Amino acid sequence: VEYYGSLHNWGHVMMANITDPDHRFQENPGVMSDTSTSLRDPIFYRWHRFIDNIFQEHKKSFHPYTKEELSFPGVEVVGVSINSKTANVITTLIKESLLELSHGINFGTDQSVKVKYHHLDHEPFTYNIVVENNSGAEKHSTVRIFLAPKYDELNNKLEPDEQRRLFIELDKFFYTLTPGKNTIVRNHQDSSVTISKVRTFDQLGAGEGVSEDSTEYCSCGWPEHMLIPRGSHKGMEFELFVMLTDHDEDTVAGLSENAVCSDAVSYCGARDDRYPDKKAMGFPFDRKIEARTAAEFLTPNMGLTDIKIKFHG
Amino acid sequence: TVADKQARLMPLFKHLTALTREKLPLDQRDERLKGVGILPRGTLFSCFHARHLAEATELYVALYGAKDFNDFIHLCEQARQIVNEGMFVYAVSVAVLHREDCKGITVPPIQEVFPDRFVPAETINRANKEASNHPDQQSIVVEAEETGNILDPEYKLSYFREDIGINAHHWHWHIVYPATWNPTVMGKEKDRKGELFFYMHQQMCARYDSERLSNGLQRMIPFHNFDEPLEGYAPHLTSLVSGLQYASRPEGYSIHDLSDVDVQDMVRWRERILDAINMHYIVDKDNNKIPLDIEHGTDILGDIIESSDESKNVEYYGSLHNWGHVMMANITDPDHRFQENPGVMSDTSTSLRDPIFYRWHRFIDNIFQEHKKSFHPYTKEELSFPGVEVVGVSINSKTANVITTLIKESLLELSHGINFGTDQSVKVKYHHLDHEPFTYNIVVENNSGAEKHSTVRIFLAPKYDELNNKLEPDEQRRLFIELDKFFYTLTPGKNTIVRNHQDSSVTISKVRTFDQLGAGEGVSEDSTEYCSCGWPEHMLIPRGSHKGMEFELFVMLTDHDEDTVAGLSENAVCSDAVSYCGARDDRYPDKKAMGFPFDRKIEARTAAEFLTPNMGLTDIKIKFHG
Amino acid sequence: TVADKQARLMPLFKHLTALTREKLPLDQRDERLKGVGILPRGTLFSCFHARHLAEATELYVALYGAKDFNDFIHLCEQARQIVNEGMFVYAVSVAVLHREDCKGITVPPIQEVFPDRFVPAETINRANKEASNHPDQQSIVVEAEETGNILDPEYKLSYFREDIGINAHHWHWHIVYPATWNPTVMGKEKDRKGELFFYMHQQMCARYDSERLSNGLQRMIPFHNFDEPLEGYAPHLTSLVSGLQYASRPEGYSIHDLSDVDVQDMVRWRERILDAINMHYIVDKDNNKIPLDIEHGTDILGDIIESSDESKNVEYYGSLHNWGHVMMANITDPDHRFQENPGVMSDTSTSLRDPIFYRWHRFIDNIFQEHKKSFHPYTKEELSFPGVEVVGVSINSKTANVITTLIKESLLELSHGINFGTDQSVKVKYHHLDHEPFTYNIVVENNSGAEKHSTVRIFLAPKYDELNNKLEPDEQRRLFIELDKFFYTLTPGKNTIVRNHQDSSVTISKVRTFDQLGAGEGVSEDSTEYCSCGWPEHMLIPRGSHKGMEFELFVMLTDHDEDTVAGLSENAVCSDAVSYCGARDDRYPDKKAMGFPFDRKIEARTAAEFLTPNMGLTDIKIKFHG
């Protein structure tokens, strides 16, 4: 503690009492002081790439991945494609919505004081992923699926080491694959990062059985409407990069049945269990890539499917 | 004769630079040029540095005052055998525009005699290197485009700023109006030069201010304070006169005093001016107060701020415009110990690439805007052409109410400017913005039983802010660009006027390469203007965006018998660009201040409130064809 | 055979650069080279941008792993068709110095294949333009001198800094010792490269520190703090590769962070080093503490730091030396959005012109000086060669105890480097400092009945300060330059040794032009040093002043049977510059640290107190022949 500090937390005090560290004049600090307010204020991310830059050094002194290491032997990803309303676009929306102020502040009289807000969302979609399982045995896989951008803010440049900062895991599952041509089809909802249903204070004041665990199970998970970024009205062009690694290799002893934040197993986890996958969260894209395109990095168990996102104005 | 006219000057300018060094054992020959020889050849000419304009005004008065067409040429053979070429071409283009034996003489095209200030250093030494790579008579064509790691947002606007016709127009405007135009010693004067000097520069920077918003950036910020740093820029231009180059500015540099003027006496001039606006008068070099009247005030603020020889006071008002240019361009090196070739603001042909250019030009515009601002807004009375009703406009390109802009790859013949040695032609293929052709269809109810003669002023502004959609017309007056201005006659009742893109009153239509000049045409027979003044055609309507950005086409009809100056001048001629530039030995044909309606204050919150029945906004799209 | 060996490489270097673009549709050919590619041709290489070194390490491992003298050449035909030729020549010169089938192939002279980094842009442009001015086979000679208003004091020292042989030596030293010399994968090692890397650089900057005082200026100030601005300089060099030029630095420029390293990780590295001096050890890439010894410590700190490949720790000690070079040279543009060709510190051939060069080189010297400083001063015991008495020295030039320096105009054949197209030769006449020849006459009383074998280390420092005449020898150790170092044998009694200027152990004598390489002379059959490394002859003794400035010739005699390394190596050969450089595949012949005596602390106040009977100051004058 004395030697390493709490550099993360500590930067938060100083970045948020940026009005008033001495604290003589008693102002309520900048939103970085709490974890619920924190993400609005643009500087938030300036510190979070900073700490990330330290973590990136530690991962950086570790060595890049051997093709050996990257290769799930025998299974060939013959391709992926996404079908929303059309192929290889997803279409994002605005959805107006409510939040019931009544619970928090004193209505005094009325039923409900509602704040109608407006939020980004997305169309549902599927992965259709084709495979040649050359091996006469059925293969059990763990399928790590990612979304990055295909363009830079300079021109279109698929520098994957640069892209590892942008690369987001959209899904991670186990499937079993018979010999030959296999298709897996996987629908948006069942993303391993997300909350699906969350409980209003009302539902709680009544009663349901979804099951009964706590502040993770609904309250945590990344939100559904922010599962795929806005893109642009034109249709911006991104990268859906999949890996298949082995499931008997990847499984931590015991697969969990009960959804207990383990709807969101990726960004968060599952309750009183471990992160189910052997590899570092980020994998493949935790370490250095010496290669200049995400295409060079392709093993036959990896696959980029270039997709569009378009904001419905 | 005026043919062999052409045939002496331009032959001297053929592969121009190298005739700067020649035999002339003793200066004494030209008792006339006695005291000028005071910069050793390529000890590099930085024009805006005060002494070099003064040195050049020796040259302007000398080069004007030649006996007949022949003695003019002899002087030009002779004095050249030792002198600095950039200045020599400058003062002889001023001459062979304006001393009255000249007509039918064309100024050798600056883009083609000095390509270095227009294109990348790479594509110069490349075309060059390909003539060293294959010693053959084959032409060489090089694609100017380059391949870089584009960090900078601003490099986008390098379609507009860095353009051939853009930068040529810029030299040409001040070759047709030199600051050192003394009227008396040169016999006659230069119509409306100060005001026209506000205007042309606002219209440039308003076209630009659109080009900023088209891109989804903000309008360009003015150099209102002197402390505040100047932006960083690399022109990518090495000069063909030697090996060296325009030293290029890093960002984060404050403005620095000069061996001539302190940044503070600059600060004084500005205080001494903006005060005279509040006081509403000026003290000439005799101390007598002449009025900052409504009409005259802008010609007399413009001459003064520049400064011209026509600057009624020089010590007192400075040359604040020019002077800011020295300091903003020698931003590397004012003391000048290090002898670095200055930033591109030092010359009028290079000037528009460098982003800071516009920061100073809104600044001077802000002064002109104060003078117009103390003048009062327009009465509805004043705005109203009685009886004629603009029932509407619409533009038909390929479709209604869109115009569609393009990229057009093009050439510029380096051969004329640099030494090919062997080959035919060394060509730089560049890529420029353009636009589809289009028409105005404008409908009118001429209620009056008499035919009406109008002057139709048509404008383009942006309808969006860079904030949300807000039609604040006083804010929009900075962006507002005059697309056209004509006279039509309107019978009673429903009238339609239809007006095609080409015949815009701001533009050059036909440009003219030196190869044309090697033969000769009859279009007319005029000078440094002819196929080189005028705003360029491809930049007539700004880029917009790929989506289709949404703009404002605002028309006015004012009266033509009111508006036309009466007087006796010439046929239909070099009037093509009458708006941004003018017409020769005539006045600006329209009574009202260049800008009208949009010169003065608007208290109203929408361009719709400002509508008289002889005004009309037609909301149009522009889309960049990717 | 070694004739046709020469007759292939140099024919390819007859108009080199243009070989860079050729038909290689598939790189795949060289599984060797397959991995290189974020540098397409003249997108200009900062030599220090980390990615390109990596790209080049691919090329180093490819280019090495060869068959024989033939397959070597084929690789060199082929990989060249796409690569940044600057890197390719750097690679073929690290190769065709050191891979053992090659003796007697001389490296094509950098001054003559790339003259652009040595001379004024103007005299390149002029010779070029004169071939375009007279298309004839006549040679052209241009006087490099130029003419301009000398505001600046520092332009004086441009006799020394900017010199042909100076700047060539500089590339050549690091072509003979590359930072990326891996020993294991290349079979064998490089004797004393870190220490020798301190030394050669101190000796350069000490010759310079004299040249500052000769002029009546002070010794050059070190870049001890990072905040403090860098001086302004214009090299006047446009590059023959593309249009562009080395963007030139204005003064008042603060250092700036890089996309690679923060100026702070630099401060970190320095702290991590300086503390390890105090602690007296280093942690290699395994974490194990090896001693900061008197013997090994300096080879193992020198690999550590450079950062040589040989390096003991890279992340921990950085490459502080090289890294400072990126930041001091991209002082215009670290972010690199602009694409300006960096300041001359980015390359080893240009480096010495720019005044800031020495500010960093005293800085690194200051670190080395700490390490030597924690080591203890020399015992009189240690300083004493027993029994031999230096009864004195004196120098006889034209007169006693003066040497007289001259100007010598000279040539450099641009033809080899750029395209003459037509003529024989395009010559740049330059003007350089030189000196009269002279001798040492040194008298000795060898008291011992036996003949003594000595090693005689002779030095030149200044006797004056800029304050007054003050012989503070610890201060003088920064200025102290070794003029000579030899072995003689001394009979009993009165001995005289006489030693003529030429045979200085620091120097090149005969330089070799590309033309003589088209024939063949017999000197040694060796490589990138042969006639190109060594310090140049004309800068062997600094300028002094026109008055005759007063300096210090300090001699030591230490023992030769003590000093000579024993081992088995070669005949008399490329040992001419044994001091500043060395000899081939052998060690530095002398036991003691390069600098000796003057490596360590002197507590004493005069160079006279430091006198042992085997030491001797002979106060000499130098006078510049105006």
# chains A, B, ... in the order shown; residues from 1 in each chain; ligands from 1

call {"tool": "residues_around", "arguments": {"residues": "range 105-110 of chain B", "least_positions_apart": "4", "cutoff": "9 Å", "atoms": "only C-alpha atoms", "output": "number ranges by chain"}}
result
B: 2-3, 5-6, 9-10, 13-14, 93, 96-97, 114-115, 168, 171, 349, 417, 512-514, 517, 525-532

call {"tool": "write_last_selection", "arguments": {"atoms": "N, CA, C and O atoms", "output": "short mmCIF file (atom, residue, chain, number, x, y, z; two decimals), in the first residue's frame"}}
result
data_model
loop_
_atom_site.label_atom_id
_atom_site.label_comp_id
_atom_site.auth_asym_id
_atom_site.auth_seq_id
_atom_site.Cartn_x
_atom_site.Cartn_y
_atom_site.Cartn_z
N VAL B 2 1.44 45.69 -80.55
CA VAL B 2 1.05 44.97 -79.35
C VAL B 2 1.33 43.48 -79.47
O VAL B 2 1.54 42.85 -78.43
N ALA B 3 1.43 42.89 -80.67
CA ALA B 3 1.95 41.53 -80.78
C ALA B 3 3.40 41.49 -80.30
O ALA B 3 3.69 40.91 -79.25
N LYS B 5 5.00 43.42 -78.67
CA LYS B 5 4.81 43.62 -77.25
C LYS B 5 4.88 42.38 -76.39
O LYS B 5 5.85 42.23 -75.63
N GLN B 6 3.86 41.53 -76.59
CA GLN B 6 3.84 40.20 -76.04
C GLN B 6 5.20 39.57 -76.26
O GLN B 6 5.86 39.14 -75.31
N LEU B 9 8.37 40.83 -73.78
CA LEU B 9 8.34 40.62 -72.34
C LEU B 9 8.36 39.15 -71.95
O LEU B 9 9.28 38.70 -71.27
N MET B 10 7.39 38.40 -72.47
CA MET B 10 7.25 36.99 -72.13
C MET B 10 8.46 36.18 -72.57
O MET B 10 8.89 35.33 -71.79
N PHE B 13 10.66 36.48 -69.82
CA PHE B 13 10.13 35.66 -68.74
C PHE B 13 10.15 34.16 -69.06
O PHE B 13 9.81 33.32 -68.22
N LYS B 14 10.55 33.79 -70.29
CA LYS B 14 10.69 32.39 -70.64
C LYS B 14 11.88 31.70 -70.00
O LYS B 14 13.04 31.77 -70.43
N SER B 93 4.11 43.46 -64.10
CA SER B 93 2.71 43.04 -64.25
C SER B 93 1.79 44.19 -63.86
O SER B 93 0.73 44.36 -64.48
N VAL B 96 2.14 46.26 -67.09
CA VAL B 96 1.58 45.71 -68.33
C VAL B 96 0.15 45.20 -68.14
O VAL B 96 -0.40 44.40 -68.90
N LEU B 97 -0.38 45.61 -66.99
CA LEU B 97 -1.80 45.85 -66.82
C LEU B 97 -2.27 47.27 -67.13
O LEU B 97 -3.37 47.43 -67.66
N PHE B 114 5.89 30.18 -61.91
CA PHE B 114 6.38 29.80 -60.60
C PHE B 114 5.45 28.74 -59.99
O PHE B 114 4.61 29.05 -59.15
N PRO B 115 5.55 27.46 -60.39
CA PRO B 115 4.74 26.37 -59.85
C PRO B 115 5.03 25.98 -58.41
O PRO B 115 4.19 25.40 -57.73
N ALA B 168 -3.71 31.98 -57.45
CA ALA B 168 -3.51 32.87 -58.57
C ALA B 168 -4.40 34.10 -58.47
O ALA B 168 -3.89 35.22 -58.58
N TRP B 171 -2.90 36.69 -56.02
CA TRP B 171 -1.88 37.58 -56.58
C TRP B 171 -2.52 38.58 -57.53
O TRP B 171 -2.42 39.79 -57.35
N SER B 349 0.44 35.03 -53.39
CA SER B 349 0.12 33.77 -54.07
C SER B 349 0.11 32.52 -53.16
O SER B 349 -0.57 31.52 -53.40
N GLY B 417 7.73 26.73 -66.00
CA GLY B 417 8.39 27.21 -64.80
C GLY B 417 9.77 26.63 -64.61
O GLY B 417 10.73 27.40 -64.53
N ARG B 512 -6.34 30.66 -68.94
CA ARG B 512 -5.54 30.61 -70.16
C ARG B 512 -4.12 30.18 -69.84
O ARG B 512 -3.43 30.86 -69.09
N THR B 513 -3.71 29.01 -70.34
CA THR B 513 -2.33 28.56 -70.24
C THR B 513 -1.43 29.35 -71.19
O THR B 513 -1.87 29.83 -72.25
N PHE B 514 -0.15 29.43 -70.82
CA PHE B 514 0.88 30.02 -71.67
C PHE B 514 0.89 29.49 -73.11
O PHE B 514 1.30 30.19 -74.03
N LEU B 517 -1.38 31.49 -75.17
CA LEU B 517 -0.65 32.73 -75.37
C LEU B 517 0.43 32.69 -76.44
O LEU B 517 0.56 33.64 -77.21
N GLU B 525 -8.75 41.09 -75.05
CA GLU B 525 -7.46 41.66 -75.36
C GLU B 525 -7.22 42.60 -74.18
O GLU B 525 -7.10 43.82 -74.36
N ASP B 526 -7.19 42.09 -72.95
CA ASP B 526 -6.97 42.94 -71.79
C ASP B 526 -5.75 42.47 -71.03
O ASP B 526 -4.81 42.20 -71.77
N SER B 527 -5.61 42.37 -69.70
CA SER B 527 -4.30 42.07 -69.13
C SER B 527 -4.05 41.08 -67.98
O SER B 527 -3.94 39.88 -68.24
N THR B 528 -3.83 41.44 -66.70
CA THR B 528 -3.44 40.56 -65.62
C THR B 528 -4.64 39.90 -65.01
O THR B 528 -4.58 38.87 -64.34
N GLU B 529 -5.82 40.45 -65.38
CA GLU B 529 -7.16 39.88 -65.21
C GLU B 529 -7.70 38.89 -66.26
O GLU B 529 -7.57 37.69 -66.00
N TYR B 530 -8.37 39.26 -67.36
CA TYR B 530 -8.67 38.43 -68.55
C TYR B 530 -8.99 36.91 -68.54
O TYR B 530 -9.96 36.44 -69.16
N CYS B 531 -8.16 36.09 -67.89
CA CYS B 531 -8.33 34.64 -67.78
C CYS B 531 -7.61 34.11 -66.54
O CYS B 531 -7.06 33.01 -66.46
N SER B 532 -7.61 35.00 -65.54
CA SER B 532 -6.78 34.88 -64.35
C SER B 532 -7.34 35.66 -63.15
O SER B 532 -6.99 35.35 -62.00
#

call {"tool": "interface_residues", "arguments": {"of": "chain C", "to": "chain A", "cutoff": "9 Å", "atoms": "only C-alpha atoms", "output": "PDB file with C-alpha atoms, in the first residue's frame"}}
result
ATOM      1  CA  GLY C  35       8.125  -8.954 -42.633  1.00  0.00           C
ATOM      2  CA  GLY C  37       6.569  -2.890 -44.691  1.00  0.00           C
ATOM      3  CA  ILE C  38       5.350   0.309 -43.073  1.00  0.00           C
TER       4      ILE C  38
END

call {"tool": "interface_residues", "arguments": {"of": "chain C", "to": "chain B", "cutoff": "8 Å", "atoms": "only C-alpha atoms", "output": "number ranges by chain"}}
result
C: 18, 120-122, 124-126, 132, 148, 150-152, 232-234, 236-238, 242-245, 247-248, 250, 332-333, 337-340, 419, 421

call {"tool": "write_last_selection", "arguments": {"atoms": "N, CA, C and O atoms", "output": "tab-separated table (two decimals), in the first residue's frame"}}
result
chain	number	residue	atom	x	y	z
C	18	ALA	N	17.74	5.80	-57.38
C	18	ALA	CA	16.74	5.31	-58.33
C	18	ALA	C	16.57	3.80	-58.50
C	18	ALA	O	15.67	3.37	-59.23
C	120	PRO	N	25.78	23.23	-49.22
C	120	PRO	CA	24.61	24.07	-49.49
C	120	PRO	C	23.72	23.68	-50.67
C	120	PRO	O	24.15	23.49	-51.81
C	121	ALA	N	22.44	23.54	-50.33
C	121	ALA	CA	21.33	23.38	-51.27
C	121	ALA	C	21.46	24.19	-52.55
C	121	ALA	O	21.26	23.68	-53.66
C	122	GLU	N	21.88	25.46	-52.36
C	122	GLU	CA	22.24	26.37	-53.45
C	122	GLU	C	23.33	25.84	-54.39
C	122	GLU	O	23.11	25.78	-55.59
C	124	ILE	N	24.21	22.78	-54.86
C	124	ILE	CA	23.71	21.59	-55.54
C	124	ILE	C	22.89	22.08	-56.74
C	124	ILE	O	23.15	21.76	-57.90
C	125	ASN	N	21.95	22.96	-56.39
C	125	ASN	CA	21.02	23.60	-57.31
C	125	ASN	C	21.75	24.32	-58.45
C	125	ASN	O	21.33	24.25	-59.60
C	126	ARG	N	22.88	24.97	-58.15
C	126	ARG	CA	23.68	25.72	-59.13
C	126	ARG	C	24.40	24.81	-60.12
C	126	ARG	O	24.21	24.98	-61.33
C	132	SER	N	21.92	22.32	-66.88
C	132	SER	CA	20.79	22.79	-67.68
C	132	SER	C	21.08	24.09	-68.43
C	132	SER	O	20.39	24.41	-69.39
C	148	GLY	N	26.30	36.53	-47.48
C	148	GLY	CA	25.17	36.85	-46.63
C	148	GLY	C	25.61	37.62	-45.39
C	148	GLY	O	26.77	37.56	-44.97
C	150	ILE	N	26.39	38.19	-41.93
C	150	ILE	CA	26.75	37.42	-40.75
C	150	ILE	C	26.35	38.14	-39.45
C	150	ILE	O	27.14	38.88	-38.86
C	151	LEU	N	25.11	37.94	-39.00
C	151	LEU	CA	24.70	38.39	-37.68
C	151	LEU	C	25.24	37.49	-36.57
C	151	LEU	O	25.65	37.96	-35.50
C	152	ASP	N	25.28	36.18	-36.86
C	152	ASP	CA	25.54	35.14	-35.88
C	152	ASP	C	27.02	34.91	-35.58
C	152	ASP	O	27.82	34.78	-36.51
C	232	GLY	N	18.88	27.80	-32.29
C	232	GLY	CA	18.36	27.90	-33.63
C	232	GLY	C	19.44	27.67	-34.66
C	232	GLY	O	20.58	28.12	-34.51
C	233	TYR	N	19.07	26.98	-35.73
C	233	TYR	CA	20.00	26.62	-36.78
C	233	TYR	C	19.31	26.22	-38.08
C	233	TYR	O	18.32	25.49	-38.11
C	234	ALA	N	19.93	26.70	-39.16
C	234	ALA	CA	19.59	26.31	-40.52
C	234	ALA	C	20.77	25.66	-41.25
C	234	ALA	O	21.71	26.36	-41.64
C	236	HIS	N	21.15	24.53	-44.22
C	236	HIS	CA	21.16	24.91	-45.64
C	236	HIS	C	21.34	23.72	-46.57
C	236	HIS	O	22.03	23.78	-47.58
C	237	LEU	N	20.62	22.63	-46.28
C	237	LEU	CA	20.79	21.35	-46.95
C	237	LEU	C	19.44	20.86	-47.49
C	237	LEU	O	18.56	20.59	-46.68
C	238	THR	N	19.21	20.84	-48.81
C	238	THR	CA	18.03	20.18	-49.35
C	238	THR	C	18.39	18.77	-49.77
C	238	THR	O	19.43	18.58	-50.38
C	242	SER	N	14.16	13.71	-52.52
C	242	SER	CA	12.85	14.24	-52.85
C	242	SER	C	13.00	15.75	-52.89
C	242	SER	O	14.11	16.26	-52.72
C	243	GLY	N	11.92	16.53	-53.06
C	243	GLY	CA	12.03	17.98	-53.15
C	243	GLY	C	12.55	18.62	-51.89
C	243	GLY	O	13.31	19.57	-51.90
C	244	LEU	N	12.15	17.96	-50.81
C	244	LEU	CA	12.17	18.52	-49.48
C	244	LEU	C	13.54	18.75	-48.85
C	244	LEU	O	14.62	18.47	-49.38
C	245	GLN	N	13.48	19.22	-47.61
C	245	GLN	CA	14.69	19.50	-46.89
C	245	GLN	C	14.50	19.30	-45.40
C	245	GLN	O	13.38	19.28	-44.87
C	247	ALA	N	13.95	20.35	-42.28
C	247	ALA	CA	13.32	21.47	-41.60
C	247	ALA	C	14.23	22.01	-40.51
C	247	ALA	O	14.81	21.25	-39.73
C	248	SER	N	14.38	23.33	-40.44
C	248	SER	CA	15.48	23.89	-39.67
C	248	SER	C	15.00	24.50	-38.36
C	248	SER	O	13.94	25.12	-38.36
C	250	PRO	N	14.23	26.84	-35.18
C	250	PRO	CA	14.37	28.11	-34.46
C	250	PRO	C	14.74	27.83	-33.01
C	250	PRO	O	14.48	26.76	-32.46
C	332	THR	N	10.74	20.21	-34.10
C	332	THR	CA	9.75	20.94	-34.87
C	332	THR	C	8.38	20.27	-34.70
C	332	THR	O	7.34	20.93	-34.55
C	333	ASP	N	8.42	18.94	-34.53
C	333	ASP	CA	7.30	18.08	-34.87
C	333	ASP	C	7.47	16.65	-34.33
C	333	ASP	O	7.74	15.72	-35.11
C	337	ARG	N	2.37	14.69	-37.37
C	337	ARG	CA	1.26	15.14	-38.21
C	337	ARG	C	1.65	15.87	-39.50
C	337	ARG	O	1.02	15.70	-40.55
C	338	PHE	N	2.72	16.67	-39.41
C	338	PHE	CA	3.15	17.58	-40.46
C	338	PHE	C	4.02	16.95	-41.53
C	338	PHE	O	4.05	17.45	-42.66
C	339	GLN	N	4.78	15.89	-41.19
C	339	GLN	CA	5.68	15.20	-42.11
C	339	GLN	C	6.93	15.97	-42.57
C	339	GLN	O	7.54	15.65	-43.59
C	340	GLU	N	7.35	16.96	-41.77
C	340	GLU	CA	8.60	17.69	-42.01
C	340	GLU	C	9.83	16.81	-41.82
C	340	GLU	O	9.92	16.07	-40.83
C	419	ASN	N	22.65	13.42	-60.76
C	419	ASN	CA	22.74	13.18	-62.19
C	419	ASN	C	23.31	14.37	-62.96
C	419	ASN	O	22.62	15.37	-63.18
C	421	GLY	N	23.96	14.09	-66.08
C	421	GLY	CA	23.23	13.94	-67.33
C	421	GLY	C	24.13	14.04	-68.54
C	421	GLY	O	24.16	13.16	-69.40

call {"tool": "select_by_dssp", "arguments": {"residues": "range 313-403 of chain B", "states": "strand (DSSP E)", "output": "NGL selection string"}}
result
:B and (388-395 or 402-403)

call {"tool": "write_last_selection", "arguments": {"atoms": "N, CA, C and O atoms", "output": "PDB file, in the first residue's frame"}}
result
ATOM      1  N   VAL B 388     -42.940  44.366 -57.147  1.00  0.00           N
ATOM      2  CA  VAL B 388     -42.495  43.100 -57.724  1.00  0.00           C
ATOM      3  C   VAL B 388     -42.535  42.012 -56.659  1.00  0.00           C
ATOM      4  O   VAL B 388     -41.927  42.235 -55.612  1.00  0.00           O
ATOM      5  N   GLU B 389     -43.245  40.890 -56.851  1.00  0.00           N
ATOM      6  CA  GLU B 389     -43.257  39.840 -55.840  1.00  0.00           C
ATOM      7  C   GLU B 389     -42.534  38.572 -56.280  1.00  0.00           C
ATOM      8  O   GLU B 389     -42.940  37.899 -57.203  1.00  0.00           O
ATOM      9  N   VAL B 390     -41.441  38.238 -55.605  1.00  0.00           N
ATOM     10  CA  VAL B 390     -40.724  36.977 -55.737  1.00  0.00           C
ATOM     11  C   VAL B 390     -41.595  35.807 -55.270  1.00  0.00           C
ATOM     12  O   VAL B 390     -41.632  35.430 -54.098  1.00  0.00           O
ATOM     13  N   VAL B 391     -42.316  35.205 -56.209  1.00  0.00           N
ATOM     14  CA  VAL B 391     -43.196  34.076 -55.924  1.00  0.00           C
ATOM     15  C   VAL B 391     -42.373  32.813 -55.643  1.00  0.00           C
ATOM     16  O   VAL B 391     -42.896  31.790 -55.190  1.00  0.00           O
ATOM     17  N   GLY B 392     -41.059  32.840 -55.883  1.00  0.00           N
ATOM     18  CA  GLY B 392     -40.187  31.776 -55.404  1.00  0.00           C
ATOM     19  C   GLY B 392     -39.020  31.532 -56.337  1.00  0.00           C
ATOM     20  O   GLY B 392     -38.935  32.153 -57.401  1.00  0.00           O
ATOM     21  N   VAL B 393     -38.114  30.644 -55.909  1.00  0.00           N
ATOM     22  CA  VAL B 393     -36.965  30.182 -56.677  1.00  0.00           C
ATOM     23  C   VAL B 393     -36.927  28.665 -56.448  1.00  0.00           C
ATOM     24  O   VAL B 393     -37.717  28.147 -55.650  1.00  0.00           O
ATOM     25  N   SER B 394     -36.110  27.888 -57.176  1.00  0.00           N
ATOM     26  CA  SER B 394     -35.779  26.474 -56.952  1.00  0.00           C
ATOM     27  C   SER B 394     -34.543  26.168 -57.793  1.00  0.00           C
ATOM     28  O   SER B 394     -34.388  26.869 -58.804  1.00  0.00           O
ATOM     29  N   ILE B 395     -33.649  25.222 -57.470  1.00  0.00           N
ATOM     30  CA  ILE B 395     -32.501  24.970 -58.335  1.00  0.00           C
ATOM     31  C   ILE B 395     -32.637  23.602 -58.970  1.00  0.00           C
ATOM     32  O   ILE B 395     -32.943  22.625 -58.286  1.00  0.00           O
ATOM     33  N   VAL B 402     -30.802  20.091 -54.895  1.00  0.00           N
ATOM     34  CA  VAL B 402     -29.500  19.573 -54.506  1.00  0.00           C
ATOM     35  C   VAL B 402     -28.508  20.164 -55.499  1.00  0.00           C
ATOM     36  O   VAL B 402     -28.925  20.409 -56.625  1.00  0.00           O
ATOM     37  N   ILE B 403     -27.249  20.454 -55.190  1.00  0.00           N
ATOM     38  CA  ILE B 403     -26.237  20.550 -56.222  1.00  0.00           C
ATOM     39  C   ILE B 403     -25.252  19.452 -55.847  1.00  0.00           C
ATOM     40  O   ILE B 403     -25.192  19.036 -54.681  1.00  0.00           O
TER      41      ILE B 403
END

call {"tool": "residues_around", "arguments": {"residues": "range 303-307 of chain A", "least_positions_apart": "4", "cutoff": "10 Å", "atoms": "only C-alpha atoms", "output": "number ranges by chain"}}
result
A: 76-82, 87-90, 127, 129, 145-150, 235-244, 294-295, 297-299

call {"tool": "select_by_dssp", "arguments": {"residues": "range 134-335 of chain B", "states": "alpha helix (DSSP H)", "output": "PyMOL selection string"}}
result
chain B and resi 164-176+193-214+263-279+297-306+320-329
